[PDB]
């Protein structure tokens, strides 16, 4: 079964909702992926930060193998013995009272919007169904009807309406725009990524998150920080918001929360928000004992291998080296920790897709995000010499055009 056969079979029997980079992977371990032909690649996407710990981390694998023989799912009609250990662990780790467990990132975002609205009505005193949520242009939090109703990307929402009302959109990285938007007393929450991943690793200016915190507090608005991609050591801190020492009202986690072994996501917040949802009023596989064992292990790997500090150090090296590329062809380099992107001067001859095809040819896997943006985001377990070898692949590729 060749790579072309894999491409062809999916084309026959699977929906056409993606056009992946033409490479067919069979095995992953740490920073490396192997295709069915046996070729070896640096993984410079890390499954959008879901494998921050590297592919198939043995401690996370071992947690899954141990728990799968015991109990994998009771549903929340009953209690399982694991969920509470995990809740105590993660809430103490991030210093919120409570966690609401879900499965995918978009489910955590949906839960956050529901909390915001219930809190708006029952605590802030907004009149029923006037509550607003404000989002930043370029945000991405998944693909339900609600999440695409807050999107400014036409490919995500065009042809899928009508849309969820009550969602307002302002520019990213713009404190006067947030201040203006929050003059409306019916706003219940502002949801924002500390760095916008799918928009192309858009890093806001120093001080933006501090201003977001202050403005949300000043106007009695919940600050929801979406760290589903940026959290869990990817940017060089436990949360990307830690760079500005700000405490969001709601923090969303996902992706790396399982090391890529299981869909686990989390909504963290204090009692005054969490308990506006009463028994029977929300839920989901959420909180199952298998995913909880996996996530405990995945978090322990992050702390025990000091991956945030490694991501900080190596991300400095990565951005410094990438800035040595010619401004003729690479027009920007941006990122924090090991979440980085370059922008290429797209001609009609070359574009980010062709660059990623050639990087693939040269043993490195990256994906383009808008026709001129390429993300460079290897697992945080990468070592300095591996990183420098990968950078030289990048340099060879870009300078080969």
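Numbering follows the first chain given and starts at 1. Note that the rigid core is defined as the largest set of C-alphas that superpose within 1.5 Å between two forms.
If you line up the core and then measure how far each C-alpha sits from this form in 8 other deposited structures of this protein, which stretch comes out higher, 347-355 or 23-31?
Between 347-355 and 23-31, greater C-alpha deviation in 8 other deposited structures of this protein belongs to 347-355.
Between neighbours residue 75 and residue 74, residues that the deposited sequence lists but the model omits:
Nothing is missing between them.
Going by the B-factors listed in the PDB entry, is the mean over the C-alpha atoms higher for 35-43 or for 343-351?
Higher of the two, by average CA B-factor, is 343-351.
Averaging C-alpha B-factors over each stretch, which comes out higher, 220-228 or 317-325?
On average, C-alpha B-factors are higher across 317-325.
Specify which of 151, 258, 276, 127 carries the largest Cα B factor in the deposited PDB entry.
Top of the list by C-alpha B-factor: 127.
Tell me, please, which of 309, 158, 242, 270 has the highest C-alpha B factor according to the deposited entry?
Result of the comparison over 309, 158, 242, 270: 309.
Compared with the other modelled residues in the chain, in which third is the CA B-factor of residue 238?
According to the entry, residue 238 has a C-alpha B-factor in the chain's highest third.
What third of the chain does residue 144 rank in for C-alpha temperature factor, lowest, middle or highest?
For residue 144, the deposited C-alpha B-factor lands in the lowest third.
What third of its chain, lowest, middle or highest, does the C-alpha temperature factor of residue 49 fall into?
Its C-alpha B-factor, which the entry lists for residue 49, ranks in the middle third among residues of this chain.
Considering only modelled residues of the same chain, in which third does the CA B-factor of residue 299 rank: lowest, middle or highest?
Ranked within chain, residue 299 CA B lands in the middle tercile.
By its CA B factor, does residue 15 count among the lowest, middle or highest third of the modelled residues in the chain?
Lowest third - that is where residue 15 ends up once the chain's C-alpha B-factors are sorted.
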